[PDB]
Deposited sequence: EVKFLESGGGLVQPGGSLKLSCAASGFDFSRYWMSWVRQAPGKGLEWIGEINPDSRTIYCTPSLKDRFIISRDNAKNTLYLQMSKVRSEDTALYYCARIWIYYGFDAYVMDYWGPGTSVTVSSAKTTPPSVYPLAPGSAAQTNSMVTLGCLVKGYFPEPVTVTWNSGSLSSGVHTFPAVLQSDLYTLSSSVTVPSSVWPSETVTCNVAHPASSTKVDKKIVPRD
């Protein structure tokens, strides 16, 4: 089985450095060109570069040669990417991919891809979220009502959100985080019968493991 596993990602300060590794199994790595590709959150693929088997030839996207060095060690079956002078725009998932060259030596495909390793570049300090209620505006009736919980400005990911301490689970939706002003924000919603709220209490519980915090916010009518 052709298989890849990347490592070396994580959180790095702006202006910091790191070295990513892509270990290749299941084929003779010394016979193949290898490439690096990345994907910033919510966005598409961006090629970084590629390197031939004996490292005599490296192609790279011009904007990134200032920061990034591609190398390989065929004895270790490993591809590397040295990242220096890193910047916010380097936050991304980083993938290695094998180059398959077809018969005739004039066609190729990027056939097998690693699962990716995540790099986050940020100077943010650990920051617990500000949790706010989402309640309908002061109010026409339907048989269900949708309530929510704004989990604003925390760092790092993740947070964990529950409703009534885990007791409300059906029809809970917790949305992906967005990045604003160097901090993460997400929301969670839950739908309950109109006859149930506000007669009965509905509360969101938000934990931020990195801050060791866990807070409750009752959803109150406006």
Which runs of the deposited chain sequence never show up in the coordinates? 139, 224
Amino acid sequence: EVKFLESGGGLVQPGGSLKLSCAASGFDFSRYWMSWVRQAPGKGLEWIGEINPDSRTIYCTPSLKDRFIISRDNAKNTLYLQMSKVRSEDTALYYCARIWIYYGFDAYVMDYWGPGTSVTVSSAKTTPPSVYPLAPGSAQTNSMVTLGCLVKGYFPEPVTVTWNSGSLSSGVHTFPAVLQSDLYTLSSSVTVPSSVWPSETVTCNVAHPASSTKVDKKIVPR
From here on, numbers count along this sequence of modelled residues.
Comparing mean C-alpha B factor in the record for 104-112 and 144-152, the higher one is 104-112
When the Cα temperature factors in the entry are averaged, is it 51-59 or 29-37 that ends up higher? 51-59
Between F68, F175, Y184, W163, which one tops the list for C-alpha B-factor in the PDB entry? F68
For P158, the third of its chain by CA B-factor is the middle
By the record's CA B-factor, is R87 among the lowest, middle or highest third of residues in the chain? middle
The third of the chain into which the C-alpha temperature factor of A24 falls is the middle
Comparing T120 with the other modelled residues of its chain, is its CA B-factor in the lowest, middle or highest third? lowest
Relative to the other modelled residues of the same chain, rank the CA B-factor of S130 and answer lowest, middle or highest third. lowest
